[PDB]
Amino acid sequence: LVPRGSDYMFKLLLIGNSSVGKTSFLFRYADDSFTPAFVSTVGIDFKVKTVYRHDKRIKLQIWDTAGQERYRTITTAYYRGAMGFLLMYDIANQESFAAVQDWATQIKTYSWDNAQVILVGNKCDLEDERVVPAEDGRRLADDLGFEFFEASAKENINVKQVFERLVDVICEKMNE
């Protein structure tokens, strides 16, 4: 659904384990802010951003999938029609990285095959607590057909780069 004034509208979703930084990543990208305190989760919602790429004005409708679910019945409805995903883990939390394949399986189950994915090792500022080497993220991203970046919502490292790369690969696939 393209709004007047835009050339495209791409739905993007942030997915991954609880506490990897999804809500923070979206808050940094959309509002260029960070909250150093616990914020309550009250449900799934989106924020918008405009990107100018490939000579077009692109509206991004970017969905935060909110908290963990007991029954994965609500988040997964929003995967339908998504042009892209940020599949996020925390470089300081091994379990969040071990979960990547499960999230990737969900992408394939609930979204069309041409949905694009960037694997994001968030919290790259936490080098003192790193447990997931970037090379391990890159290897898995290559295995699964995803782009890859390390980033930090907290320090505003590679947040723009992640979204812009995702928009680029979406545009490339669209022109196949």
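For every residue, the number given is its place in the sequence shown, counted from 1.
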For this session: May I ask you to compare 41-49 and 65-73 by their mean CA B factor in the entry and name the higher one?
Result: 41-49
Problem set entry | Stretch with the higher entry mean CA B-factor, where the candidates are 31-39 and 123-131 | 31-39
Problem set entry | Candidate residues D143, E150, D55, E147, the one whose C-alpha B factor the record puts highest | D55
For this session: Can you work out whether the C-alpha temperature factor of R138 puts it in the lowest, middle or highest third of the chain?
Result: lowest
For this session: Compare the C-alpha B factor of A82 with those of the other modelled residues in its chain, then answer lowest, middle or highest third.
Result: highest
Problem set entry | Modelled-residue ranking by C-alpha temperature factor, third containing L1 | highest
Exercise. Comparing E95 with the other modelled residues of its chain, is its CA B-factor in the lowest, middle or highest third?
Worked result: middle
Exercise. Where does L166 sit by CA temperature factor within its chain: lowest, middle or highest third?
Worked result: lowest
